[PDB]
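Next comes target_34.pdb, a file with PDB, N, CA and C atoms.
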ATOM      1  N   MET A   1     -24.661-179.013 167.299
ATOM      2  CA  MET A   1     -23.564-178.134 167.648
ATOM      3  C   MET A   1     -23.947-177.393 168.894
ATOM      4  N   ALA A   2     -23.042-177.315 169.817
ATOM      5  CA  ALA A   2     -23.298-176.667 171.074
ATOM      6  C   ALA A   2     -22.318-175.545 171.284
ATOM      7  N   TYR A   3     -22.798-174.482 171.834
ATOM      8  CA  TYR A   3     -21.993-173.315 172.084
ATOM      9  C   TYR A   3     -21.710-173.229 173.558
ATOM     10  N   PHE A   4     -20.871-172.318 173.929
ATOM     11  CA  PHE A   4     -20.530-172.123 175.317
ATOM     12  C   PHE A   4     -21.412-171.031 175.894
ATOM     13  N   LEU A   5     -21.467-170.919 177.196
ATOM     14  CA  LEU A   5     -22.307-169.913 177.825
ATOM     15  C   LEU A   5     -21.427-169.084 178.771
ATOM     16  N   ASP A   6     -21.534-167.771 178.695
ATOM     17  CA  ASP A   6     -20.777-166.865 179.559
ATOM     18  C   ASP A   6     -21.709-165.762 180.072
ATOM     19  N   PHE A   7     -21.328-165.108 181.139
ATOM     20  CA  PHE A   7     -22.163-164.107 181.791
ATOM     21  C   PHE A   7     -21.368-162.847 182.067
ATOM     22  N   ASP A   8     -22.000-161.712 181.903
ATOM     23  CA  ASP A   8     -21.396-160.438 182.275
ATOM     24  C   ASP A   8     -21.457-160.262 183.781
ATOM     25  N   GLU A   9     -20.498-159.549 184.348
ATOM     26  CA  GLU A   9     -20.456-159.339 185.774
ATOM     27  C   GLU A   9     -21.671-158.532 186.293
ATOM     28  N   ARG A  10     -22.245-157.654 185.453
ATOM     29  CA  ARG A  10     -23.447-156.912 185.844
ATOM     30  C   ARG A  10     -24.618-157.877 185.849
ATOM     31  N   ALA A  11     -24.649-158.733 184.830
ATOM     32  CA  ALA A  11     -25.664-159.755 184.701
ATOM     33  C   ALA A  11     -25.594-160.736 185.868
ATOM     34  N   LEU A  12     -24.382-161.048 186.319
ATOM     35  CA  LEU A  12     -24.164-161.960 187.435
ATOM     36  C   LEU A  12     -24.763-161.444 188.726
ATOM     37  N   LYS A  13     -24.674-160.149 188.929
ATOM     38  CA  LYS A  13     -25.221-159.528 190.119
ATOM     39  C   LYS A  13     -26.727-159.679 190.124
ATOM     40  N   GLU A  14     -27.334-159.434 188.977
ATOM     41  CA  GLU A  14     -28.760-159.578 188.825
ATOM     42  C   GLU A  14     -29.176-161.051 188.884
ATOM     43  N   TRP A  15     -28.370-161.906 188.291
ATOM     44  CA  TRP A  15     -28.596-163.352 188.247
ATOM     45  C   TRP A  15     -28.636-163.941 189.653
ATOM     46  N   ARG A  16     -27.678-163.559 190.464
ATOM     47  CA  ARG A  16     -27.589-164.045 191.833
ATOM     48  C   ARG A  16     -28.637-163.384 192.723
ATOM     49  N   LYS A  17     -29.115-162.241 192.277
ATOM     50  CA  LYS A  17     -30.182-161.499 192.941
ATOM     51  C   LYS A  17     -31.520-162.158 192.640
ATOM     52  N   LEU A  18     -31.622-162.682 191.434
ATOM     53  CA  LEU A  18     -32.819-163.318 190.927
ATOM     54  C   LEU A  18     -33.265-164.473 191.802
ATOM     55  N   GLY A  19     -34.561-164.702 191.805
ATOM     56  CA  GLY A  19     -35.137-165.784 192.548
ATOM     57  C   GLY A  19     -34.579-167.099 192.082
ATOM     58  N   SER A  20     -34.327-167.989 193.016
ATOM     59  CA  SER A  20     -33.703-169.277 192.768
ATOM     60  C   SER A  20     -34.386-170.039 191.617
ATOM     61  N   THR A  21     -35.681-170.178 191.709
ATOM     62  CA  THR A  21     -36.469-170.909 190.736
ATOM     63  C   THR A  21     -36.506-170.165 189.385
ATOM     64  N   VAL A  22     -36.417-168.851 189.451
ATOM     65  CA  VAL A  22     -36.453-168.018 188.272
ATOM     66  C   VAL A  22     -35.143-168.166 187.504
ATOM     67  N   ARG A  23     -34.042-168.047 188.212
ATOM     68  CA  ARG A  23     -32.750-168.179 187.594
ATOM     69  C   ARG A  23     -32.481-169.597 187.145
ATOM     70  N   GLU A  24     -32.966-170.570 187.906
ATOM     71  CA  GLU A  24     -32.858-171.969 187.525
ATOM     72  C   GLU A  24     -33.486-172.221 186.179
ATOM     73  N   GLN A  25     -34.676-171.707 185.971
ATOM     74  CA  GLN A  25     -35.366-171.923 184.718
ATOM     75  C   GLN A  25     -34.710-171.171 183.578
ATOM     76  N   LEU A  26     -34.220-169.972 183.855
ATOM     77  CA  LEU A  26     -33.479-169.211 182.857
ATOM     78  C   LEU A  26     -32.199-169.937 182.482
ATOM     79  N   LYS A  27     -31.528-170.494 183.483
ATOM     80  CA  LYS A  27     -30.323-171.278 183.269
ATOM     81  C   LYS A  27     -30.620-172.480 182.378
ATOM     82  N   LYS A  28     -31.722-173.151 182.660
ATOM     83  CA  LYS A  28     -32.148-174.310 181.881
ATOM     84  C   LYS A  28     -32.470-173.907 180.455
ATOM     85  N   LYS A  29     -33.026-172.711 180.299
ATOM     86  CA  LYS A  29     -33.296-172.150 178.996
ATOM     87  C   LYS A  29     -32.031-171.908 178.226
ATOM     88  N   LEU A  30     -31.022-171.447 178.911
ATOM     89  CA  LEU A  30     -29.722-171.250 178.315
ATOM     90  C   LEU A  30     -29.158-172.588 177.870
ATOM     91  N   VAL A  31     -29.319-173.585 178.721
ATOM     92  CA  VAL A  31     -28.836-174.921 178.439
ATOM     93  C   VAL A  31     -29.546-175.533 177.210
ATOM     94  N   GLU A  32     -30.865-175.413 177.143
ATOM     95  CA  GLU A  32     -31.604-175.931 175.997
ATOM     96  C   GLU A  32     -31.345-175.127 174.724
ATOM     97  N   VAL A  33     -31.255-173.806 174.862
ATOM     98  CA  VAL A  33     -31.076-172.923 173.724
ATOM     99  C   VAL A  33     -29.751-173.187 173.005
ATOM    100  N   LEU A  34     -28.738-173.641 173.746
ATOM    101  CA  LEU A  34     -27.399-173.926 173.198
ATOM    102  C   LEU A  34     -27.405-174.870 171.985
ATOM    103  N   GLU A  35     -28.443-175.715 171.841
ATOM    104  CA  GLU A  35     -28.534-176.607 170.670
ATOM    105  C   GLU A  35     -28.731-175.787 169.373
ATOM    106  N   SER A  36     -29.322-174.624 169.506
ATOM    107  CA  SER A  36     -29.567-173.735 168.408
ATOM    108  C   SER A  36     -29.790-172.343 168.997
ATOM    109  N   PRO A  37     -28.707-171.640 169.392
ATOM    110  CA  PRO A  37     -28.825-170.332 170.040
ATOM    111  C   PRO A  37     -29.386-169.264 169.114
ATOM    112  N   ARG A  38     -29.203-169.461 167.831
ATOM    113  CA  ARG A  38     -29.667-168.526 166.847
ATOM    114  C   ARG A  38     -31.116-168.780 166.411
ATOM    115  N   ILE A  39     -32.005-168.698 167.372
ATOM    116  CA  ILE A  39     -33.422-168.868 167.135
ATOM    117  C   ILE A  39     -34.047-167.529 166.812
ATOM    118  N   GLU A  40     -34.553-167.415 165.602
ATOM    119  CA  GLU A  40     -35.164-166.193 165.091
ATOM    120  C   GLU A  40     -36.305-165.688 165.985
ATOM    121  N   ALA A  41     -36.992-166.612 166.641
ATOM    122  CA  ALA A  41     -38.118-166.288 167.511
ATOM    123  C   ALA A  41     -37.653-165.651 168.817
ATOM    124  N   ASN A  42     -36.390-165.821 169.139
ATOM    125  CA  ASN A  42     -35.844-165.244 170.359
ATOM    126  C   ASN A  42     -35.030-164.018 170.033
ATOM    127  N   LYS A  43     -34.678-163.873 168.765
ATOM    128  CA  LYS A  43     -33.813-162.829 168.296
ATOM    129  C   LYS A  43     -34.406-161.439 168.505
ATOM    130  N   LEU A  44     -33.540-160.512 168.776
ATOM    131  CA  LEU A  44     -33.854-159.115 168.802
ATOM    132  C   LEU A  44     -33.454-158.575 167.458
ATOM    133  N   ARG A  45     -34.366-157.971 166.771
ATOM    134  CA  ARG A  45     -34.086-157.514 165.438
ATOM    135  C   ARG A  45     -33.487-156.120 165.521
ATOM    136  N   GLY A  46     -32.391-155.915 164.840
ATOM    137  CA  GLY A  46     -31.691-154.647 164.902
ATOM    138  C   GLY A  46     -30.444-154.811 165.719
ATOM    139  N   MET A  47     -30.554-155.660 166.704
ATOM    140  CA  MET A  47     -29.449-156.028 167.543
ATOM    141  C   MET A  47     -28.743-157.170 166.841
ATOM    142  N   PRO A  48     -27.405-157.047 166.592
ATOM    143  CA  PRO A  48     -26.604-158.005 165.806
ATOM    144  C   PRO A  48     -27.021-159.458 165.987
ATOM    145  N   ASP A  49     -26.825-159.969 167.166
ATOM    146  CA  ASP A  49     -27.223-161.320 167.473
ATOM    147  C   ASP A  49     -27.588-161.407 168.918
ATOM    148  N   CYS A  50     -28.507-160.570 169.316
ATOM    149  CA  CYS A  50     -28.973-160.570 170.672
ATOM    150  C   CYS A  50     -30.330-161.238 170.710
ATOM    151  N   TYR A  51     -30.579-161.991 171.743
ATOM    152  CA  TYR A  51     -31.790-162.772 171.867
ATOM    153  C   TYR A  51     -32.336-162.601 173.258
ATOM    154  N   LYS A  52     -33.630-162.735 173.405
ATOM    155  CA  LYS A  52     -34.244-162.623 174.696
ATOM    156  C   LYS A  52     -35.069-163.865 174.993
ATOM    157  N   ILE A  53     -35.006-164.308 176.208
ATOM    158  CA  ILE A  53     -35.806-165.412 176.672
ATOM    159  C   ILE A  53     -36.616-164.938 177.857
ATOM    160  N   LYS A  54     -37.888-165.237 177.852
ATOM    161  CA  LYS A  54     -38.764-164.850 178.928
ATOM    162  C   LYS A  54     -39.281-166.054 179.703
ATOM    163  N   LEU A  55     -39.543-165.857 180.967
ATOM    164  CA  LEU A  55     -40.086-166.888 181.780
ATOM    165  C   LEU A  55     -41.581-166.850 181.883
ATOM    166  N   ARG A  56     -42.122-168.026 181.778
ATOM    167  CA  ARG A  56     -43.531-168.324 181.920
ATOM    168  C   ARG A  56     -44.042-167.978 183.334
ATOM    169  N   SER A  57     -43.169-168.121 184.316
ATOM    170  CA  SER A  57     -43.517-167.970 185.702
ATOM    171  C   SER A  57     -43.794-166.500 186.115
ATOM    172  N   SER A  58     -42.764-165.767 186.460
ATOM    173  CA  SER A  58     -42.923-164.429 186.976
ATOM    174  C   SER A  58     -42.619-163.324 185.944
ATOM    175  N   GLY A  59     -42.301-163.725 184.726
ATOM    176  CA  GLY A  59     -42.048-162.758 183.670
ATOM    177  C   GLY A  59     -40.672-162.121 183.737
ATOM    178  N   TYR A  60     -39.671-162.920 183.934
ATOM    179  CA  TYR A  60     -38.324-162.425 183.889
ATOM    180  C   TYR A  60     -37.747-162.693 182.528
ATOM    181  N   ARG A  61     -36.922-161.798 182.069
ATOM    182  CA  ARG A  61     -36.331-161.889 180.760
ATOM    183  C   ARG A  61     -34.835-161.918 180.894
ATOM    184  N   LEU A  62     -34.212-162.572 179.987
ATOM    185  CA  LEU A  62     -32.794-162.648 179.929
ATOM    186  C   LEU A  62     -32.389-162.294 178.506
ATOM    187  N   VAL A  63     -31.432-161.392 178.363
ATOM    188  CA  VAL A  63     -30.987-160.945 177.055
ATOM    189  C   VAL A  63     -29.504-161.282 176.889
ATOM    190  N   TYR A  64     -29.200-162.025 175.866
ATOM    191  CA  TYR A  64     -27.853-162.484 175.616
ATOM    192  C   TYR A  64     -27.474-162.259 174.177
ATOM    193  N   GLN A  65     -26.204-162.230 173.907
ATOM    194  CA  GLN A  65     -25.734-162.148 172.560
ATOM    195  C   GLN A  65     -25.061-163.452 172.191
ATOM    196  N   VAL A  66     -25.306-163.913 171.013
ATOM    197  CA  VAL A  66     -24.649-165.091 170.538
ATOM    198  C   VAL A  66     -23.445-164.649 169.763
ATOM    199  N   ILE A  67     -22.294-164.921 170.288
ATOM    200  CA  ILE A  67     -21.096-164.540 169.636
ATOM    201  C   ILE A  67     -20.624-165.722 168.831
ATOM    202  N   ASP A  68     -20.975-165.723 167.571
ATOM    203  CA  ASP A  68     -20.626-166.801 166.652
ATOM    204  C   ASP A  68     -19.130-166.805 166.438
ATOM    205  N   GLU A  69     -18.556-165.608 166.518
ATOM    206  CA  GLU A  69     -17.125-165.376 166.359
ATOM    207  C   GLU A  69     -16.311-166.201 167.363
ATOM    208  N   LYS A  70     -16.803-166.285 168.584
ATOM    209  CA  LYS A  70     -16.081-166.964 169.653
ATOM    210  C   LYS A  70     -16.756-168.305 170.000
ATOM    211  N   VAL A  71     -17.928-168.555 169.395
ATOM    212  CA  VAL A  71     -18.740-169.779 169.630
ATOM    213  C   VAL A  71     -19.269-169.798 171.106
ATOM    214  N   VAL A  72     -19.537-168.623 171.628
ATOM    215  CA  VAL A  72     -20.011-168.496 172.992
ATOM    216  C   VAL A  72     -21.198-167.541 173.054
ATOM    217  N   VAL A  73     -22.147-167.890 173.852
ATOM    218  CA  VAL A  73     -23.306-167.105 174.099
ATOM    219  C   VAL A  73     -23.061-166.310 175.381
ATOM    220  N   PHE A  74     -23.062-165.019 175.266
ATOM    221  CA  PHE A  74     -22.738-164.146 176.368
ATOM    222  C   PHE A  74     -23.985-163.438 176.871
ATOM    223  N   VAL A  75     -24.337-163.683 178.113
ATOM    224  CA  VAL A  75     -25.471-163.028 178.725
ATOM    225  C   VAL A  75     -25.068-161.619 179.105
ATOM    226  N   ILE A  76     -25.774-160.653 178.562
ATOM    227  CA  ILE A  76     -25.459-159.266 178.810
ATOM    228  C   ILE A  76     -26.278-158.774 179.987
ATOM    229  N   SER A  77     -27.534-159.161 180.020
ATOM    230  CA  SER A  77     -28.426-158.701 181.047
ATOM    231  C   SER A  77     -29.469-159.744 181.368
ATOM    232  N   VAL A  78     -29.959-159.695 182.574
ATOM    233  CA  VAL A  78     -30.974-160.581 183.025
ATOM    234  C   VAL A  78     -31.823-159.841 184.055
ATOM    235  N   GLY A  79     -33.109-160.025 183.996
ATOM    236  CA  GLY A  79     -33.983-159.381 184.923
ATOM    237  C   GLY A  79     -35.345-159.178 184.336
ATOM    238  N   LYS A  80     -35.728-157.953 184.150
ATOM    239  CA  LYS A  80     -37.042-157.629 183.637
ATOM    240  C   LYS A  80     -36.888-156.695 182.448
ATOM    241  N   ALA A  81     -37.862-156.664 181.553
ATOM    242  CA  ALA A  81     -37.666-155.963 180.285
ATOM    243  C   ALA A  81     -38.790-155.002 179.923
ATOM    244  N   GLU A  82     -39.733-154.805 180.809
ATOM    245  CA  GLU A  82     -40.865-153.933 180.514
ATOM    246  C   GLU A  82     -40.500-152.462 180.656
ATOM    247  N   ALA A  83     -39.387-152.190 181.304
ATOM    248  CA  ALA A  83     -38.892-150.829 181.414
ATOM    249  C   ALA A  83     -37.765-150.615 180.408
ATOM    250  N   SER A  84     -37.429-151.697 179.697
ATOM    251  CA  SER A  84     -36.399-151.727 178.653
ATOM    252  C   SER A  84     -34.970-151.433 179.176
ATOM    253  N   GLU A  85     -34.796-151.502 180.479
ATOM    254  CA  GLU A  85     -33.536-151.187 181.131
ATOM    255  C   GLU A  85     -32.437-152.187 180.780
ATOM    256  N   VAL A  86     -32.828-153.413 180.488
ATOM    257  CA  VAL A  86     -31.870-154.442 180.085
ATOM    258  C   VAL A  86     -31.350-154.193 178.664
ATOM    259  N   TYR A  87     -32.099-153.430 177.885
ATOM    260  CA  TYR A  87     -31.691-153.136 176.522
ATOM    261  C   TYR A  87     -30.685-152.017 176.541
ATOM    262  N   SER A  88     -30.735-151.212 177.598
ATOM    263  CA  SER A  88     -29.801-150.125 177.789
ATOM    264  C   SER A  88     -28.371-150.681 177.950
ATOM    265  N   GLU A  89     -28.261-151.837 178.597
ATOM    266  CA  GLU A  89     -26.991-152.528 178.704
ATOM    267  C   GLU A  89     -26.609-153.122 177.371
ATOM    268  N   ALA A  90     -27.544-153.847 176.782
ATOM    269  CA  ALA A  90     -27.332-154.541 175.526
ATOM    270  C   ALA A  90     -26.854-153.616 174.403
ATOM    271  N   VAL A  91     -27.563-152.519 174.187
ATOM    272  CA  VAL A  91     -27.253-151.617 173.086
ATOM    273  C   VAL A  91     -25.885-150.913 173.284
ATOM    274  N   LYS A  92     -25.573-150.551 174.525
ATOM    275  CA  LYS A  92     -24.318-149.865 174.843
ATOM    276  C   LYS A  92     -23.137-150.822 174.861
ATOM    277  N   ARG A  93     -23.413-152.082 175.098
ATOM    278  CA  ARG A  93     -22.373-153.074 175.201
ATOM    279  C   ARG A  93     -21.869-153.467 173.821
ATOM    280  N   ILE A  94     -22.736-153.363 172.830
ATOM    281  CA  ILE A  94     -22.385-153.769 171.487
ATOM    282  C   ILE A  94     -21.565-152.693 170.765
ATOM    283  N   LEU A  95     -20.291-152.678 171.105
ATOM    284  CA  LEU A  95     -19.235-151.917 170.526
ATOM    285  C   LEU A  95     -18.088-152.113 171.500
TER     286      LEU A  95
END
Do you think you could lay out the structure here as C-alpha coordinates?
Amino acid sequence: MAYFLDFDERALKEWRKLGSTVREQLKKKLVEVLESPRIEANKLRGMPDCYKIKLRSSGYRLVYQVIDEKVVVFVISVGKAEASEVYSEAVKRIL
(Lines of atoms letter the chains of each structure in order from A and count residues from 1; the text may use other names and numbers.)
(Lines give C-alpha, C1' and ligand atoms only; values in the text may rest on other atoms or scores of the structure.)
Protein backbone atom coordinates (compact mmCIF):
# COMPACT_ATOMS: atom_id res chain seq x y z
CA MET A 1 0.00 0.00 0.00
CA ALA A 2 1.35 3.35 -0.95
CA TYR A 3 0.41 6.71 0.39
CA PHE A 4 0.66 10.12 -1.13
CA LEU A 5 3.23 12.74 -0.21
CA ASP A 6 2.49 16.44 0.42
CA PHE A 7 4.54 19.37 1.74
CA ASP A 8 3.77 22.43 3.82
CA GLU A 9 4.61 25.79 2.30
CA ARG A 10 6.99 26.56 5.23
CA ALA A 11 8.59 23.17 4.70
CA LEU A 12 8.89 23.95 0.97
CA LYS A 13 10.91 27.06 1.67
CA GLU A 14 13.31 25.07 3.79
CA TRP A 15 13.24 22.16 1.31
CA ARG A 16 14.23 24.38 -1.60
CA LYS A 17 16.78 26.05 0.68
CA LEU A 18 18.21 22.65 1.55
CA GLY A 19 21.25 21.33 -0.20
CA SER A 20 20.46 19.54 -3.44
CA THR A 21 21.98 16.22 -2.37
CA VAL A 22 20.45 16.56 1.09
CA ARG A 23 16.94 17.15 -0.15
CA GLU A 24 17.37 14.49 -2.82
CA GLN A 25 18.11 11.88 -0.21
CA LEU A 26 15.30 13.08 2.03
CA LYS A 27 12.99 12.93 -0.98
CA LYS A 28 14.15 9.38 -1.67
CA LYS A 29 13.48 8.58 1.97
CA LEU A 30 9.98 9.85 1.56
CA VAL A 31 9.64 7.71 -1.54
CA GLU A 32 10.89 4.54 0.21
CA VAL A 33 9.01 5.25 3.44
CA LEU A 34 5.68 5.36 1.52
CA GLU A 35 5.64 1.50 1.44
CA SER A 36 5.12 1.64 5.20
CA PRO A 37 4.98 5.27 6.46
CA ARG A 38 3.93 4.12 9.89
CA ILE A 39 7.33 2.91 11.00
CA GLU A 40 7.55 2.84 14.79
CA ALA A 41 11.31 3.46 14.57
CA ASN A 42 10.68 6.77 12.82
CA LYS A 43 7.67 7.68 14.90
CA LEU A 44 7.60 10.53 17.33
CA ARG A 45 5.97 9.32 20.45
CA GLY A 46 3.36 11.66 21.86
CA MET A 47 2.89 13.17 18.48
CA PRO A 48 -0.24 11.55 16.86
CA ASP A 49 1.45 10.21 13.78
CA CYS A 50 4.48 12.29 13.25
CA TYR A 51 7.72 10.71 12.13
CA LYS A 52 11.23 11.93 11.66
CA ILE A 53 13.83 10.85 9.17
CA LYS A 54 17.45 11.81 9.52
CA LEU A 55 20.21 11.90 6.99
CA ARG A 56 23.39 9.95 7.27
CA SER A 57 25.23 12.70 5.41
CA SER A 58 25.02 16.14 7.03
CA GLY A 59 22.45 15.36 9.73
CA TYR A 60 19.33 16.89 8.34
CA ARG A 61 16.00 15.80 9.67
CA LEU A 62 12.61 15.83 8.14
CA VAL A 63 9.45 15.64 10.25
CA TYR A 64 6.18 14.61 8.66
CA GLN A 65 2.80 13.48 9.75
CA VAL A 66 1.13 10.47 8.30
CA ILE A 67 -2.43 11.35 7.76
CA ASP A 68 -4.11 7.97 7.59
CA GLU A 69 -7.41 9.84 7.37
CA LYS A 70 -6.50 11.26 3.96
CA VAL A 71 -3.96 8.50 3.00
CA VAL A 72 -1.30 11.21 2.58
CA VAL A 73 1.96 11.87 4.31
CA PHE A 74 2.32 15.57 4.96
CA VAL A 75 5.75 17.04 5.57
CA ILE A 76 5.42 19.67 8.25
CA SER A 77 9.04 20.61 8.62
CA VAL A 78 12.40 19.85 7.18
CA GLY A 79 15.82 20.99 8.22
CA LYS A 80 17.64 20.39 11.44
CA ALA A 81 16.34 19.11 14.77
CA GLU A 82 19.01 19.65 17.41
CA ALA A 83 17.47 22.97 18.36
CA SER A 84 14.02 21.30 18.24
CA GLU A 85 12.75 24.20 16.09
CA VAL A 86 11.11 21.81 13.64
CA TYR A 87 9.04 20.39 16.49
CA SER A 88 7.76 23.87 17.21
CA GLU A 89 6.04 23.71 13.82
CA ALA A 90 4.93 20.13 14.26
CA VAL A 91 3.36 20.53 17.71
CA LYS A 92 1.55 23.80 16.81
CA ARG A 93 0.36 22.45 13.50
CA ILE A 94 -1.42 19.51 15.07
CA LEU A 95 -4.79 21.12 15.67
Hits of the PyMOL selection byres (((chain A and resi 59-73 and name CA) around 9) and name CA) in this structure, as a PyMOL selection string: chain A and resi 2-7+18+22-23+26+30+34+37-38+44+47-58+74-81+86-87+90
Point-to-point distance from CA of residue 1 in chain A to CA of residue 36 in chain A, Å rounded to tenths: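 CA of residue 36 in chain A lies at a distance of 7.5 Å from CA of residue 1 in chain A.
We find atom C of residue 83 in chain A and atom N of residue 17 in chain A to be spaced 18.7 Å apart.
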DSSP-assigned strand (DSSP E or B) among chain A, expressed as a PyMOL selection string: chain A and resi 4-7+43+50-54+61-67+72-79
Gap from CA of residue 46 in chain A to atom N of residue 24 in chain A - Å, one decimal: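 It comes out at 28.0 Å.
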Because some atoms of range 61-75 of chain A are absent here, can you restore N, CA, C and O atoms and send them as a tab-separated table (two decimals), keeping the file's coordinate frame?
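Here's the written file result28.tsv:
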chain	number	residue	atom	x	y	z
A	61	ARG	N	-36.92	-161.80	182.07
A	61	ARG	CA	-36.33	-161.89	180.76
A	61	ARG	C	-34.84	-161.92	180.89
A	61	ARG	O	-34.27	-161.33	181.83
A	62	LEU	N	-34.21	-162.57	179.99
A	62	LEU	CA	-32.79	-162.65	179.93
A	62	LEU	C	-32.39	-162.29	178.51
A	62	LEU	O	-32.98	-162.81	177.55
A	63	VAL	N	-31.43	-161.39	178.36
A	63	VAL	CA	-30.99	-160.94	177.06
A	63	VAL	C	-29.50	-161.28	176.89
A	63	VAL	O	-28.65	-160.86	177.70
A	64	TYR	N	-29.20	-162.02	175.87
A	64	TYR	CA	-27.85	-162.48	175.62
A	64	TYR	C	-27.47	-162.26	174.18
A	64	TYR	O	-28.34	-162.08	173.33
A	65	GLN	N	-26.20	-162.23	173.91
A	65	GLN	CA	-25.73	-162.15	172.56
A	65	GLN	C	-25.06	-163.45	172.19
A	65	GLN	O	-24.35	-164.05	173.01
A	66	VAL	N	-25.31	-163.91	171.01
A	66	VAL	CA	-24.65	-165.09	170.54
A	66	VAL	C	-23.44	-164.65	169.76
A	66	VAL	O	-23.56	-164.01	168.70
A	67	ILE	N	-22.29	-164.92	170.29
A	67	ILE	CA	-21.10	-164.54	169.64
A	67	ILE	C	-20.62	-165.72	168.83
A	67	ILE	O	-19.98	-166.63	169.36
A	68	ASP	N	-20.98	-165.72	167.57
A	68	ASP	CA	-20.63	-166.80	166.65
A	68	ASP	C	-19.13	-166.80	166.44
A	68	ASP	O	-18.51	-167.85	166.27
A	69	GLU	N	-18.56	-165.61	166.52
A	69	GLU	CA	-17.12	-165.38	166.36
A	69	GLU	C	-16.31	-166.20	167.36
A	69	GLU	O	-15.28	-166.77	167.02
A	70	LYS	N	-16.80	-166.28	168.58
A	70	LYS	CA	-16.08	-166.96	169.65
A	70	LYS	C	-16.76	-168.30	170.00
A	70	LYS	O	-16.23	-169.09	170.78
A	71	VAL	N	-17.93	-168.56	169.40
A	71	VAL	CA	-18.74	-169.78	169.63
A	71	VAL	C	-19.27	-169.80	171.11
A	71	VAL	O	-19.51	-170.85	171.72
A	72	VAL	N	-19.54	-168.62	171.63
A	72	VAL	CA	-20.01	-168.50	172.99
A	72	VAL	C	-21.20	-167.54	173.05
A	72	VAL	O	-21.26	-166.54	172.33
A	73	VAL	N	-22.15	-167.89	173.85
A	73	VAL	CA	-23.31	-167.10	174.10
A	73	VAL	C	-23.06	-166.31	175.38
A	73	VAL	O	-22.85	-166.89	176.45
A	74	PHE	N	-23.06	-165.02	175.27
A	74	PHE	CA	-22.74	-164.15	176.37
A	74	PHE	C	-23.98	-163.44	176.87
A	74	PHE	O	-24.63	-162.69	176.13
A	75	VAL	N	-24.34	-163.68	178.11
A	75	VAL	CA	-25.47	-163.03	178.72
A	75	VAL	C	-25.07	-161.62	179.10
A	75	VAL	O	-24.13	-161.42	179.88
